[PDB]
Amino acid sequence: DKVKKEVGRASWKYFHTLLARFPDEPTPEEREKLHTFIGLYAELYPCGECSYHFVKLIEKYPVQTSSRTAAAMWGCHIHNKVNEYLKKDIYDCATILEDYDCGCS
Amino acid sequence: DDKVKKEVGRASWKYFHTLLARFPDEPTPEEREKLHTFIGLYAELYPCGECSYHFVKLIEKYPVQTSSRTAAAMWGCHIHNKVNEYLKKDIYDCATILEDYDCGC
Ligand SMILES: Cc1cc2nc3c(=O)[nH]c(=O)nc-3n(C[C@H](O)[C@H](O)[C@H](O)COP(=O)(O)OP(=O)(O)OC[C@H]3O[C@@H](n4cnc5c(N)ncnc54)[C@H](O)[C@@H]3O)c2cc1C
Ligand SMILES: Cc1cc2nc3c(=O)[nH]c(=O)nc-3n(C[C@H](O)[C@H](O)[C@H](O)COP(=O)(O)OP(=O)(O)OC[C@H]3O[C@@H](n4cnc5c(N)ncnc54)[C@H](O)[C@@H]3O)c2cc1C
(Lines give C-alpha, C1' and ligand atoms only; values in the text may rest on other atoms or scores of the structure.)
(Ligands and ions follow the chains in the order given, each with its own letter.)
Protein backbone atom coordinates (compact mmCIF):
# COMPACT_ATOMS: atom_id res chain seq x y z
CA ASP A 1 0.00 0.00 0.00
CA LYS A 2 2.90 2.32 0.83
CA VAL A 3 4.86 1.54 -2.34
CA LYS A 4 1.69 1.51 -4.45
CA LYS A 5 0.88 5.04 -3.30
CA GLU A 6 4.43 6.32 -3.84
CA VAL A 7 4.49 4.93 -7.37
CA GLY A 8 1.11 6.53 -7.94
CA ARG A 9 2.16 10.00 -6.81
CA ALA A 10 5.31 9.90 -8.93
CA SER A 11 3.38 8.70 -11.96
CA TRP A 12 0.75 11.46 -11.76
CA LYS A 13 3.46 14.11 -11.37
CA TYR A 14 5.12 12.83 -14.55
CA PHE A 15 1.75 12.42 -16.31
CA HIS A 16 0.47 15.95 -15.69
CA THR A 17 3.83 17.53 -16.53
CA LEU A 18 3.99 15.63 -19.81
CA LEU A 19 0.54 16.84 -20.85
CA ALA A 20 1.38 20.42 -19.85
CA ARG A 21 4.32 20.46 -22.28
CA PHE A 22 2.40 19.06 -25.25
CA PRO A 23 2.24 21.69 -28.05
CA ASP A 24 -0.51 24.32 -28.07
CA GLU A 25 -0.92 23.56 -31.77
CA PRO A 26 0.23 19.97 -32.42
CA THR A 27 0.72 18.48 -35.87
CA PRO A 28 -1.40 15.50 -36.92
CA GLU A 29 1.50 13.16 -36.17
CA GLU A 30 2.03 14.65 -32.71
CA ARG A 31 -1.66 14.15 -31.94
CA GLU A 32 -1.41 10.51 -33.02
CA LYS A 33 1.71 10.01 -30.91
CA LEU A 34 -0.03 11.29 -27.78
CA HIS A 35 -3.06 9.11 -28.53
CA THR A 36 -0.92 5.99 -28.97
CA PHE A 37 1.18 6.89 -25.92
CA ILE A 38 -1.83 7.16 -23.60
CA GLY A 39 -3.16 3.79 -24.71
CA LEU A 40 0.16 2.12 -23.93
CA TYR A 41 0.52 4.15 -20.74
CA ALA A 42 -2.74 2.66 -19.48
CA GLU A 43 -1.89 -0.89 -20.54
CA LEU A 44 1.60 -0.83 -19.02
CA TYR A 45 0.81 0.94 -15.76
CA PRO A 46 2.65 -1.01 -13.00
CA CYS A 47 -0.46 -2.16 -11.13
CA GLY A 48 -2.94 -4.77 -12.29
CA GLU A 49 -6.16 -3.34 -10.88
CA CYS A 50 -4.97 0.18 -11.70
CA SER A 51 -4.23 -0.67 -15.32
CA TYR A 52 -7.53 -2.50 -15.81
CA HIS A 53 -9.45 0.47 -14.42
CA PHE A 54 -7.47 3.06 -16.36
CA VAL A 55 -7.81 1.21 -19.67
CA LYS A 56 -11.58 1.32 -19.13
CA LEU A 57 -11.40 4.99 -18.16
CA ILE A 58 -9.59 6.13 -21.30
CA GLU A 59 -12.12 4.19 -23.38
CA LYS A 60 -14.88 6.32 -21.85
CA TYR A 61 -12.71 9.44 -21.87
CA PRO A 62 -10.36 9.39 -24.86
CA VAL A 63 -7.37 11.70 -24.49
CA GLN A 64 -8.05 15.14 -25.98
CA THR A 65 -5.06 15.72 -28.24
CA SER A 66 -6.06 18.87 -30.14
CA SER A 67 -4.08 21.17 -27.84
CA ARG A 68 -1.96 21.48 -24.70
CA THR A 69 -4.96 23.05 -22.98
CA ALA A 70 -7.33 20.25 -23.97
CA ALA A 71 -4.79 17.56 -23.05
CA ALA A 72 -3.99 19.04 -19.63
CA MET A 73 -7.68 19.52 -18.81
CA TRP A 74 -8.31 15.94 -19.90
CA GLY A 75 -5.53 14.73 -17.60
CA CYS A 76 -6.93 16.58 -14.61
CA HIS A 77 -10.42 15.29 -15.29
CA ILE A 78 -9.33 11.66 -15.62
CA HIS A 79 -7.16 11.88 -12.50
CA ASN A 80 -10.30 13.16 -10.73
CA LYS A 81 -12.21 10.11 -11.95
CA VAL A 82 -9.64 7.97 -10.15
CA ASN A 83 -9.95 10.26 -7.11
CA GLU A 84 -13.74 9.78 -7.14
CA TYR A 85 -13.28 6.01 -7.29
CA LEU A 86 -10.85 6.08 -4.36
CA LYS A 87 -13.02 8.38 -2.23
CA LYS A 88 -10.39 11.12 -2.40
CA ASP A 89 -10.78 14.89 -2.63
CA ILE A 90 -11.74 16.29 -6.01
CA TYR A 91 -8.93 18.48 -7.37
CA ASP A 92 -9.70 21.97 -8.70
CA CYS A 93 -8.64 21.86 -12.37
CA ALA A 94 -8.82 25.66 -12.76
CA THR A 95 -5.04 26.16 -12.82
CA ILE A 96 -3.94 22.77 -14.12
CA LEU A 97 -1.45 24.19 -16.66
CA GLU A 98 0.30 26.30 -14.01
CA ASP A 99 0.36 23.54 -11.39
CA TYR A 100 2.80 21.41 -13.35
CA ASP A 101 5.73 23.56 -14.45
CA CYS A 102 8.45 21.62 -16.28
CA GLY A 103 11.21 23.93 -15.08
CA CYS A 104 12.13 23.90 -18.74
CA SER A 105 10.23 26.98 -19.94
CA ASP B 1 13.01 26.37 -11.72
CA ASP B 2 15.96 23.98 -11.46
CA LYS B 3 14.17 22.34 -8.53
CA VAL B 4 11.14 21.68 -10.74
CA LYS B 5 13.16 19.92 -13.41
CA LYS B 6 14.78 17.72 -10.77
CA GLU B 7 11.45 16.85 -9.11
CA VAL B 8 9.89 15.92 -12.46
CA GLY B 9 12.94 13.83 -13.32
CA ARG B 10 12.89 11.92 -10.03
CA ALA B 11 9.19 11.18 -10.40
CA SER B 12 9.68 10.09 -14.00
CA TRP B 13 12.48 7.65 -13.16
CA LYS B 14 10.49 6.17 -10.25
CA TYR B 15 7.61 5.50 -12.66
CA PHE B 16 9.96 4.30 -15.42
CA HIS B 17 11.83 1.70 -13.34
CA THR B 18 8.65 0.42 -11.70
CA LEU B 19 6.96 0.00 -15.09
CA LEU B 20 9.90 -2.07 -16.35
CA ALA B 21 10.00 -4.21 -13.20
CA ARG B 22 6.30 -5.04 -13.62
CA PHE B 23 6.67 -6.19 -17.23
CA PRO B 24 6.07 -9.95 -17.73
CA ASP B 25 8.82 -12.50 -17.12
CA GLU B 26 7.62 -14.18 -20.32
CA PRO B 27 6.08 -11.48 -22.55
CA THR B 28 4.14 -12.33 -25.69
CA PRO B 29 5.35 -10.93 -29.02
CA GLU B 30 2.63 -8.26 -28.86
CA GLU B 31 3.61 -7.27 -25.33
CA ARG B 32 7.25 -6.92 -26.41
CA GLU B 33 6.20 -4.67 -29.28
CA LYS B 34 4.03 -2.58 -26.96
CA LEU B 35 7.00 -1.93 -24.68
CA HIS B 36 9.23 -1.11 -27.64
CA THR B 37 6.72 1.37 -29.06
CA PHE B 38 6.07 2.82 -25.61
CA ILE B 39 9.74 3.59 -24.94
CA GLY B 40 10.05 5.42 -28.25
CA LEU B 41 7.08 7.62 -27.39
CA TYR B 42 8.22 8.03 -23.78
CA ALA B 43 11.49 9.48 -25.07
CA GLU B 44 9.81 11.75 -27.63
CA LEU B 45 7.24 13.11 -25.16
CA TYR B 46 9.50 13.71 -22.16
CA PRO B 47 8.66 17.20 -20.71
CA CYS B 48 12.07 18.84 -21.28
CA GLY B 49 13.33 19.71 -24.76
CA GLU B 50 17.04 19.04 -24.36
CA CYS B 51 16.35 15.95 -22.26
CA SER B 52 13.98 14.49 -24.85
CA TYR B 53 16.44 14.96 -27.71
CA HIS B 54 19.24 13.43 -25.64
CA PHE B 55 17.11 10.47 -24.60
CA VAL B 56 15.81 9.86 -28.11
CA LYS B 57 19.41 9.46 -29.25
CA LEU B 58 20.22 7.28 -26.24
CA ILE B 59 17.46 4.73 -26.87
CA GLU B 60 18.50 4.59 -30.52
CA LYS B 61 22.04 3.70 -29.41
CA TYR B 62 20.85 1.44 -26.58
CA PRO B 63 17.56 -0.11 -27.82
CA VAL B 64 15.17 -1.29 -25.13
CA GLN B 65 15.58 -4.98 -24.25
CA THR B 66 12.15 -6.60 -24.14
CA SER B 67 12.66 -10.36 -23.81
CA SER B 68 11.72 -10.36 -20.11
CA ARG B 69 11.16 -7.97 -17.23
CA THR B 70 14.66 -8.87 -16.04
CA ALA B 71 16.18 -7.77 -19.35
CA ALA B 72 13.94 -4.68 -19.49
CA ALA B 73 14.71 -3.59 -15.93
CA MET B 74 18.44 -4.08 -16.45
CA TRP B 75 18.22 -2.04 -19.66
CA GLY B 76 16.42 0.68 -17.70
CA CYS B 77 19.12 0.79 -15.07
CA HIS B 78 21.80 0.95 -17.75
CA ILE B 79 20.18 3.76 -19.70
CA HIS B 80 19.48 5.79 -16.54
CA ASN B 81 23.19 5.37 -15.74
CA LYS B 82 24.05 6.78 -19.17
CA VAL B 83 22.09 9.88 -18.21
CA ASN B 84 23.87 9.93 -14.83
CA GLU B 85 27.22 9.67 -16.64
CA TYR B 86 26.32 12.56 -18.93
CA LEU B 87 25.27 14.70 -15.95
CA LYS B 88 28.41 13.69 -14.04
CA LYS B 89 26.33 11.93 -11.37
CA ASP B 90 27.22 8.72 -9.54
CA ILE B 91 26.63 5.35 -11.17
CA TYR B 92 23.89 3.23 -9.60
CA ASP B 93 24.50 -0.49 -8.92
CA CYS B 94 22.03 -2.52 -11.04
CA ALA B 95 22.39 -5.81 -9.15
CA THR B 96 19.03 -5.54 -7.38
CA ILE B 97 17.11 -3.48 -9.94
CA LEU B 98 13.92 -5.57 -9.80
CA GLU B 99 13.64 -5.63 -6.00
CA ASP B 100 14.52 -1.93 -5.86
CA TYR B 101 11.31 -1.12 -7.72
CA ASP B 102 8.78 -3.71 -6.60
CA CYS B 103 5.31 -2.44 -7.52
CA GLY B 104 4.08 -3.02 -3.99
CA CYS B 105 1.22 -4.65 -5.86
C1 LIG C 1 -2.83 5.94 -14.23
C2 LIG C 1 -2.98 5.68 -12.73
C3 LIG C 1 -4.07 4.85 -12.34
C4 LIG C 1 -4.24 4.55 -10.97
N5 LIG C 1 -5.36 3.78 -10.55
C6 LIG C 1 -5.63 3.36 -9.21
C7 LIG C 1 -6.62 2.45 -8.89
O8 LIG C 1 -7.37 1.93 -9.78
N9 LIG C 1 -6.68 1.96 -7.56
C10 LIG C 1 -5.87 2.34 -6.50
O11 LIG C 1 -5.83 2.01 -5.30
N12 LIG C 1 -4.92 3.24 -6.90
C13 LIG C 1 -4.74 3.78 -8.16
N14 LIG C 1 -3.73 4.60 -8.57
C15 LIG C 1 -3.08 5.25 -7.48
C16 LIG C 1 -3.65 6.52 -6.91
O17 LIG C 1 -4.28 7.26 -7.98
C18 LIG C 1 -2.78 7.42 -6.09
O19 LIG C 1 -1.69 7.86 -6.88
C20 LIG C 1 -2.36 7.05 -4.68
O21 LIG C 1 -3.44 6.42 -3.92
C22 LIG C 1 -1.73 8.10 -3.86
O23 LIG C 1 -2.69 9.12 -3.59
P24 LIG C 1 -2.40 10.58 -3.11
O25 LIG C 1 -3.52 10.80 -2.20
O26 LIG C 1 -1.05 10.78 -2.53
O27 LIG C 1 -2.52 11.54 -4.39
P28 LIG C 1 -2.42 11.31 -5.96
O29 LIG C 1 -3.79 10.97 -6.45
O30 LIG C 1 -1.25 10.41 -6.15
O31 LIG C 1 -2.07 12.79 -6.34
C32 LIG C 1 -0.78 13.35 -6.58
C33 LIG C 1 -1.09 14.77 -6.18
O34 LIG C 1 -1.39 15.42 -7.44
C35 LIG C 1 -2.42 16.38 -7.18
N36 LIG C 1 -3.66 16.00 -7.77
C37 LIG C 1 -4.78 15.29 -7.26
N38 LIG C 1 -5.75 15.17 -8.11
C39 LIG C 1 -5.29 15.80 -9.26
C40 LIG C 1 -5.87 16.03 -10.53
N41 LIG C 1 -7.12 15.61 -10.75
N42 LIG C 1 -5.19 16.71 -11.53
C43 LIG C 1 -3.93 17.20 -11.36
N44 LIG C 1 -3.34 16.95 -10.11
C45 LIG C 1 -4.06 16.26 -9.09
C46 LIG C 1 -2.34 16.66 -5.67
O47 LIG C 1 -1.48 17.75 -5.52
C48 LIG C 1 -1.98 15.38 -5.06
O49 LIG C 1 -1.40 15.33 -3.75
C50 LIG C 1 -3.29 5.01 -9.93
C51 LIG C 1 -2.26 5.88 -10.40
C52 LIG C 1 -2.09 6.21 -11.75
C53 LIG C 1 -0.91 7.15 -11.88
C1 LIG D 1 14.11 10.12 -19.69
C2 LIG D 1 14.78 11.18 -18.82
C3 LIG D 1 15.80 11.94 -19.46
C4 LIG D 1 16.45 12.94 -18.71
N5 LIG D 1 17.48 13.68 -19.33
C6 LIG D 1 18.15 14.80 -18.72
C7 LIG D 1 19.06 15.54 -19.44
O8 LIG D 1 19.41 15.28 -20.64
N9 LIG D 1 19.58 16.69 -18.78
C10 LIG D 1 19.28 17.16 -17.51
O11 LIG D 1 19.70 18.13 -16.86
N12 LIG D 1 18.36 16.35 -16.88
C13 LIG D 1 17.79 15.21 -17.40
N14 LIG D 1 16.88 14.40 -16.78
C15 LIG D 1 16.79 14.58 -15.36
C16 LIG D 1 17.75 13.84 -14.48
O17 LIG D 1 17.98 12.51 -14.99
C18 LIG D 1 17.41 13.71 -13.03
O19 LIG D 1 16.12 13.14 -12.87
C20 LIG D 1 17.57 14.90 -12.10
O21 LIG D 1 18.80 15.64 -12.40
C22 LIG D 1 17.45 14.68 -10.65
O23 LIG D 1 18.54 13.84 -10.26
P24 LIG D 1 18.63 13.05 -8.93
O25 LIG D 1 20.04 13.19 -8.56
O26 LIG D 1 17.65 13.51 -7.91
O27 LIG D 1 18.31 11.50 -9.22
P28 LIG D 1 17.62 10.83 -10.49
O29 LIG D 1 18.65 10.58 -11.54
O30 LIG D 1 16.34 11.54 -10.76
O31 LIG D 1 17.33 9.44 -9.81
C32 LIG D 1 16.15 9.10 -9.08
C33 LIG D 1 16.68 8.09 -8.09
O34 LIG D 1 16.57 6.81 -8.77
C35 LIG D 1 17.70 6.05 -8.32
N36 LIG D 1 18.58 5.81 -9.42
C37 LIG D 1 19.76 6.47 -9.87
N38 LIG D 1 20.34 5.95 -10.90
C39 LIG D 1 19.52 4.86 -11.17
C40 LIG D 1 19.65 3.86 -12.16
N41 LIG D 1 20.67 3.81 -13.03
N42 LIG D 1 18.73 2.84 -12.24
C43 LIG D 1 17.71 2.70 -11.34
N44 LIG D 1 17.57 3.68 -10.36
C45 LIG D 1 18.52 4.75 -10.32
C46 LIG D 1 18.23 6.75 -7.05
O47 LIG D 1 17.62 6.15 -5.95
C48 LIG D 1 17.96 8.17 -7.23
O49 LIG D 1 17.88 8.98 -6.06
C50 LIG D 1 16.06 13.28 -17.32
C51 LIG D 1 15.06 12.44 -16.76
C52 LIG D 1 14.42 11.42 -17.46
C53 LIG D 1 13.40 10.71 -16.59
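All values below come from the heavy atoms of this structure, side chains included, with hydrogens, waters and symmetry mates left out. In the text below, chain A, chain B and the rest are named by the order of the sequence lines, each starting its count at 1.
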Minimum heavy-atom separation for B:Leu41 and A:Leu40, please, with both atom names.
CD1-CD1, 4.3 Å

Check whether A:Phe54 and A:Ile90 end up in the same hydrophobic cluster, where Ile, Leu, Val, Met, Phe, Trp and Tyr are linked by side-chain heavy atoms less than 4.5 Å apart.
no

Side-chain heavy atoms nearer than 4.5 Å, only ILVMFWY residues, links allowed to pass through others: does that put A:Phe37 and A:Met73 together?
no

Linking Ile, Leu, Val, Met, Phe, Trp and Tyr by side-chain heavy atoms under 4.5 Å, what else ends up with B:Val56?
none

Going by disulfide bond (SG atoms under 2.5 Å apart), name the residues that satisfy it together with A:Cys102, two or more places apart in sequence or in a different chain.
A:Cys104

Relative to chain A, which of B:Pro47, B:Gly104, B:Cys48 shows the most heavy atom pairs under 4.5 Å?
B:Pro47

Distance-only donor-acceptor screen, chain B against chain A, under 3.5 angstrom:
from	atom 1	to	atom 2	distance (Å)
B:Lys34	NZ	A:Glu43	OE1	2.8
B:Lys34	NZ	A:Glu43	OE2	3.4
B:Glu44	OE1	A:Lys33	NZ	2.9

Indicate if B:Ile97 and B:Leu58 have the same hydrophobic cluster label, given that clusters are the connected sets of ILVMFWY residues with side-chain heavy-atom separations under 4.5 angstrom.
no

Do B:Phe16 and B:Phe23 share a hydrophobic cluster (ILVMFWY, side-chain heavy atoms under 4.5 Å, transitive)?
yes

Sorted by chain and number, sequence neighbours left out, disulfide bond (SG atoms under 2.5 Å apart) with A:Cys50 holds for none

